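Data block below; observations after.
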Ligand SMILES: Nc1nc2c(ncn2[C@@H]2O[C@H](COP(=O)(O)OP(=O)(O)OP(=O)(O)O)[C@@H](O)[C@H]2O)c(=O)[nH]1
Ligand SMILES: Nc1nc2c(ncn2[C@@H]2O[C@H](COP(=O)(O)OP(=O)(O)OP(=O)(O)O)[C@@H](O)[C@H]2O)c(=O)[nH]1
Ligand SMILES: Nc1nc2c(ncn2[C@@H]2O[C@H](COP(=O)(O)OP(=O)(O)OP(=O)(O)O)[C@@H](O)[C@H]2O)c(=O)[nH]1
Ligand SMILES: Nc1nc2c(ncn2[C@@H]2O[C@H](COP(=O)(O)OP(=O)(O)OP(=O)(O)O)[C@@H](O)[C@H]2O)c(=O)[nH]1
Ligand SMILES: Nc1nc2c(ncn2[C@@H]2O[C@H](COP(=O)(O)OP(=O)(O)OP(=O)(O)O)[C@@H](O)[C@H]2O)c(=O)[nH]1
Ligand SMILES: Nc1nc2c(ncn2[C@@H]2O[C@H](COP(=O)(O)OP(=O)(O)OP(=O)(O)O)[C@@H](O)[C@H]2O)c(=O)[nH]1
Ligand SMILES: Nc1nc2c(ncn2[C@@H]2O[C@H](COP(=O)(O)OP(=O)(O)OP(=O)(O)O)[C@@H](O)[C@H]2O)c(=O)[nH]1
Ligand SMILES: Nc1nc2c(ncn2[C@@H]2O[C@H](COP(=O)(O)OP(=O)(O)OP(=O)(O)O)[C@@H](O)[C@H]2O)c(=O)[nH]1
């Protein structure tokens, strides 16, 4: 058991363009449980360098929690052994109109601070030879989001990965989000938010198809 | 008594486009009541296979309910013996402008999980030689909605049917919906929603007409 | 005392187009208070057929009311003797831009079921040599509304009516409305609504004008 | 086949208090199809009395429609032969706290003008020995709603009927609604709305229980 | 490995009150993959019994999907092997005031129809010796929500379980939920929603405390 | 320069009640700029255990930002050298009613995951001999907000701090917050929120006062 | 002391286009206080003509009140001695983009019934050689508002005045408003409203500029 | 230590277009503390001119406060010493689509009265060779804002300054603000607001890009 056929295509396709998350070759496959006990230590250290009484029955566990949260959760998207199982059906209905999925839950982390990123993504595409199972578009967004990110790049990734799996370039990804490393820290701006978009295929070349999308983006409930 | 003049025209027209819902020739007409007893038999088993104390007064009747639900309710739209009665009125006012019926209630089920689909549909058209009774639009939407469905197809069928019955191509359908097989299970995205559309006639070729429609789409109360 | 100049013009213009509500020549003018008596009698017969105890002090006067409501109220628009008193004012300010009246209260009845029609209307036009008194637009919408109606036609009449009076073809009418014979009966669609429009003059030929209008249409408070 | 056991109890329990809708002993059972043909003739008359060219392909069917709508739909609750099938389950959970079913859809007709009544009902009860199937409180409300009504009484019947089937006085009912006979005609008050309630059992004696309810009433979405 | 300490206590606590979901002694431990393949079989039947072309590449998988869904998902709460890991921390701050967790996401299924139940819960308690890790309340709620349910009971269990684990009877649970077997099928009430509550400890005996709770329940965003 | 008079009292006050955040005797005052460098290197380690390319001109600096954040930012509230400069003004207007500050911006971190906490807090007190300057309330909240926290404890600290500085027991603190370690990870509850309250003096003893406060709590814009 | 340079130009500019409010040459300068005493008299008369007990301590002063209101208040824009002191600043910043002041409070009187007109005005212009003080657009609007008006015209005067004072024609003005002599009297239309617009310069010739404006017109809060 | 490279480029770039705030050569660098004592002196003087009892322990400090505020806060943007530390990253992801930062908290003061200005700014740019870190756009906006301003100029400075640091003319800036010197003083308009914008690069020449921006402007929550 290695990877998946789609995960390969997708990963490679992102490296070609250099839109892959800056990683170093894994080299040797250091036990996964081993990386948690190690990471925990470094935390068990940072907490002491801050004078946090690790004798406390609550703070005590913290280090193992943060470790687990890193290896197994908020960053699981860095291992392609986690790429969502993609499923498509043949386009017999012949849908030549865009299918949209709006207000997709996106939970991420800026790579600059390792601080929360709360945002919504709106994906859209024009089926060609096949139609993707709706939920997939969800799982894919969340996949790339579970990584130390940069908004402008996270968007590009979602765009390319979908084109790849879809077999078209007629895909559009738009992400609207808030950076707590901007809201609860430093400039502490309570009301701003950043919106990034990546247009492919007709979405970028056709003035008409372009705006037909942008207009239907950014909705509440 | 066999069927109706509209039900056939619409049905045959949909098979021509291979847009009908994947069915097998009925073959013989086994007693409608007989099916509910059989389908009832199986579920009785599945519930046993789940360790569900079928002695209990409440669960006891469940099997019969599901069967009834499948045969006589949520899938009723599979039998054109239930196609809504269509009634038209000559277009003497010569209405050359599009009529729009928005926020139409649409209840359905995904054929992949046999799970609830909740959304609203929007239909518009341009009367040619006849205007359809407003409640017919509603009724046709709810007819095809009452089947094991796929949102991309469901939108297509409604289009074609109304085109057939109305005798024009100038018809536009636009469904918005939430798949619980995508919200309460699996990826569990609690905020996402899928928007599909089917544009015909001028609603597809006329840049102007097209947008006029789309712009008036997606409304709350 | 016959009718009114405008009334006549408007009436004839609508008969010219055949956009008059389907009526039969009055013939003789059978006492108005005499029809109320015959109609009240028929309602009495119907109520009895419904096993309603007409002996009851409350149900007792229902017939008289329903008869009254029919002849002297909800259908009062069927007699041009009720046409609003129009009044204009020379266009000395030289208004060459459209004037708009949005969210006009429109009460009407569906001629198919004699049930309530609840909707709002938006009227706009471009002054030529005269400017109508604002409340006039209102009175006229409610005049035509007070008849057994068909939305598509109710809209055509108002358009033409104002065209006649204003003396321009630059008038647009749009009606958003809810049909209770849809909502509370039959399909019972609690959320749906129908929007029908009628564009004239520049509003129909000028893409620019046409959209400037439609955009300002459909508002709340 | 006569009626149902519960349909009886309720009817009886309703006549006892004199809260039944003013009805006359049916006498002979006049064929149902016979009434609709007799009532239709009556509308055919009233329409000719309004100078409605019944020759028109549209206005032509109106009579049979109204007739069918009277006998088969909007008043079908005047026949206990339509009473919903009540079903209950043993209160093994011993739920000694109230169960509320809010914003229940209620469609009705005022007996004074045979005009539309648009409202929402909120029902609550404290289970005693049995817990009613949720969709039953909905069915009973709509049952009595489908009759020529007076809001004040409409509330009363629901309350009683429920108390009866439940075997408890602990039931509270409250309806919130708009009479179009007051909004689209006559005083034409577009904003008013009427609220009427009927507190039973502890909902009327317990100062605490009472308010707990009232406060939990009148909600939007 | 059998179960967990807490899992047993809560399970017994419920059976002792007769609040455990009506089940049957599992008997033998038949292979888990074995049930899906069986369940999958029957479903394959029912689908055939409905004339659904199992030949189609999409519906082809459905039987295996529903099987998976039943055993491995939506009903996953029936196997106490999945009870969330509970973790508390000595009440050293002596929090003598109630802690409230609102708008908790709740997904369930009605044992009566095996249909979706969309709802939100509001849990609150008053710390005695221990404070529960916030997310545990959320976990316990979705734990019992993943079973063939009945709102009135679901609310009960959640209370009892919490009381058990927390070591106090001062715990209130309130669920507001929409049953789709009542909104997209049957009476089809597009707006009603049921609200059930279960008060314990002071939340039931103390008038003040009881109301402090109920007043802050039912919130949007 | 050691500290401030206020800072001491408050700190002593909290220690006395055991409501101080779990810490360890500082011992020696190792260079603040030396701790940053060690913490930074430890992050450098974790990032290399995740397979991140620290070579990237962007990820390159993260280790320093985080080190800066943890020492000179998100936890600054651990050092009372940073305690806000409180300033009072004799109560000559004899204000004997409560002063309430609502929707105070509160930015915090959970000591269980070292993750974001987004919330607002409302604080009210009854001026005795002095009236605190409105912004100090804000400052004081944020002071205790910047620390590895537990909401329950965060609430108490703020309360006692204020009591102490105000020379009264009549203050009330309420924090309504959202934990991302609950929203964007784990159970992932997109909608839940936690409300905690701390009542002192009258706000706890007088049912009259108590509710006056609680009701005026939880506001939007 | 006679008038003001600007006031003069603006006045003449308006007289030139014939957009001045229908007035008569003052002739002689009758004392201002003298007019109040005369007007008051007439009101005293009319009120007696309404059988109002002018003996009552309250109704007694109404006469002097209406007079004072007519002379020194609601119609004060009828005297250019009140025109606002305009003030401009050289456009060194070279702003070649439009400046928009939206939602400006506009209070006027319909000359037809001497009844309240409630609305909001939106003004936009493209700076040429000078930039007007913001507050001025406000003042100027209110200046022409305090007069017996006609919406279509009150809009014209604003445009022209503004163009004149600004030394440009790139000016746009839009007023959205309610006329109580239409809401609470006559047709009594509780929900309708009027919108009037006057486009100048590029706002009238440039398709682009036009829409950019219209689109940012009509906002709430 | 003098200033910063960027601070320089920007400052000059502005001096070239004359968009710098009207300032006089510093000449000498009088001690900063020295200024606060003199400025405080004048205020101590002005308050005595207004018969304000400076004896009062509260009004006492005020002079120093207003001194401090002028020199160290609301005007700190007048000394490039406070210019934010910009930090970019190479555009390897080649983002050829605009990046939008909406609803930036902007706090300023009109130079005409030295009174509050509360608003929000929206910025967009198309990455050329570099990508600005997000929080930067925020601090740049807040830099220039902290000055005796003029909304039409404040906008320009933000445009120019950004362009210069970005290396592109493809930078757009909008400022929706409320001038209190207009709301709570003079004309006192409690509802109006001013909107200004500055378009550069494609945002100005390309009709497409231009609207794509404008449309996405003016948002709430
Ligand atoms: N395009 C489309 N996809 C649908 C529709 N209904 C369900 N689906 C998709 O069908 C897929 C189910 O694919 P499977 O391969 O069986 O996997 P699964 O275990 O059901 O996967 P998840 O549902 O994502 O947990 C998903 O992608 C659903 O989102 C529908 O109307 N249209
Ligand atoms: N373009 C972009 N910038 C991001 C993203 N996430 C964090 N940033 C920005 O990266 C920058 C961090 O820059 P640094 O120079 O290390 O400075 P800092 O001390 O973190 O600065 P502040 O965040 O303003 O306090 C800031 O501009 C963050 O807001 C992201 O997804 N995209
Ligand atoms: N085009 C149009 N149709 C209308 C209007 N008002 C009511 N109708 C439709 O006219 C039809 C009545 O057709 P019938 O054939 O008598 O059938 P019915 O039993 O009355 O129809 P249902 O309402 O579906 O029960 C329905 O489709 C109504 O919804 C209206 O203003 N315009
Ligand atoms: N209490 C009550 N009154 C109702 C109800 N429905 C209609 N009504 C009232 O019954 C009255 C009809 O009384 P009538 O004496 O016939 O007078 P009318 O000309 O029909 O009355 P207006 O509606 O004022 O035009 C009105 O006051 C209606 O508003 C209802 O459910 N409850
Ligand atoms: N009472 C309280 N609990 C908190 C607070 N912040 C985090 N927690 C809870 O502390 C717990 C962490 O307990 P652990 O046993 O380490 O479990 P975990 O895997 O980290 O927790 P989850 O995965 O989130 O269920 C969870 O219940 C968190 O949600 C807080 O302010 N107050
Ligand atoms: N009290 C309660 N009733 C429920 C719940 N879920 C489903 N039900 C009700 O159980 C009943 C099903 O009763 P049956 O006698 O089988 O009738 P049915 O044809 O399924 O009923 P209808 O739903 O009215 O069509 C209905 O009242 C459902 O709405 C639940 O959580 N609580
Ligand atoms: N265009 C612009 N005008 C501003 C700005 N700030 C204040 N103003 C306007 O500048 C003007 C001050 O003009 P002055 O002639 O001194 O008169 P004033 O007594 O201050 O004016 P009023 O505010 O009408 O009382 C007013 O129109 C203010 O509203 C700003 O940023 N831009
Ligand atoms: N176009 C315009 N009409 C206005 C304006 N103000 C009042 N009016 C209209 O001027 C008319 C007065 O005309 P009249 O012939 O005296 O009739 P009336 O009895 O006052 O009119 P009703 O209000 O319909 O009763 C009405 O149509 C008012 O609504 C205004 O600013 N613009």
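Chains as they are written, first to last, in the authors' numbering: chain J, 1 to 221; chain I, 1 to 221; chain H, 1 to 221; chain K, 1 to 221; chain O, 1 to 221; chain N, 1 to 221; chain G, 1 to 221; chain F, 1 to 221. Idealized CB from N, CA, C, for every residue including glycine.
Item, Value
"Using C-beta distances below 7 Å, list every residue in its chain close to residue 140 (chain H), excluding the 5 sequence neighbours before and after it, in chain order.", "84, 158, 161 and 162"
"Taking all protein chains shown into account, do 16 or more other C-beta atoms lie within 10 angstroms of the C-beta of residue 144 (chain I), making it buried, or fewer, making it exposed?", "buried"
"Would you kindly work out how many angstroms separate the C-alpha atoms of residue 152 (chain J) and residue 116 (chain J), rounded to a whole number?", "16 Å"
"Rounded to whole angstroms, what's the CA-CA distance from residue 114 (chain N) to residue 50 (chain I)? Just pull it up for me.", "42 Å"
"So, helix, strand or coil for residue 41 (chain I), using DSSP?", "helix"
"Would you kindly check if the distance between the Cβ of residue 135 (chain F) and the Cβ of residue 103 (chain G) is under 8 Å?", "no"
"Pick from F:156, F:183, F:60 and F:6: whose alpha carbon is nearest that of residue 95 (chain G)?", "F:156"
"Which value, in whole angstroms, describes the spacing of the CA atoms of residue 35 (chain O) and residue 15 (chain J)?", "43 Å"
"Assuming residue 209 (chain F) and residue 100 (chain G) form a contact by the criterion Cβ under 8 Å, report the distance between their Cβ atoms to the nearest whole angstrom.", "The Cβ separation is near 20 Å, so there is no contact."
"Would you say residue 133 (chain I) touches ligand 3, meaning its beta carbon is less than 7 Å from a heavy atom?", "yes"
"Please report whether the beta-carbon of residue 36 (chain G) lies at a distance below 8 Å from any beta-carbon of chain F.", "no"
"To the nearest angstrom, report how far apart residue 19 (chain J) and residue 205 (chain I) are at their CA atoms.", "37 Å"
"Considering only their Cβ atoms, is the gap separating residue 46 (chain N) from residue 39 (chain J) smaller than 8 Å?", "yes"
"Where residue 142 (chain O) and residue 68 (chain H) are concerned, what is the direct C-alpha to C-alpha distance, given to the nearest angstrom?", "59 Å"
"Any heavy atom of ligand 7 within a distance shorter than 7 Å of the CB on residue 97 (chain G)?", "no"
"Please specify which runs of the alpha helix (DSSP H), each continuous and at least 4 residues long, are wholly inside the segment 143-180 of chain I, giving them in chain order.", "151-166"
"Assign residue 80 (chain F) to one of three DSSP states: helix, strand, or coil.", "helix"
"Residue 211 (chain J): beta carbon under 7 Å from a heavy atom of ligand 6?", "no"
"I'd like the list of long-range same chain contacts for residue 133 (chain I), defined as Cβ closer than 6 Å, with 5 residues on each side in sequence excluded.", "87"
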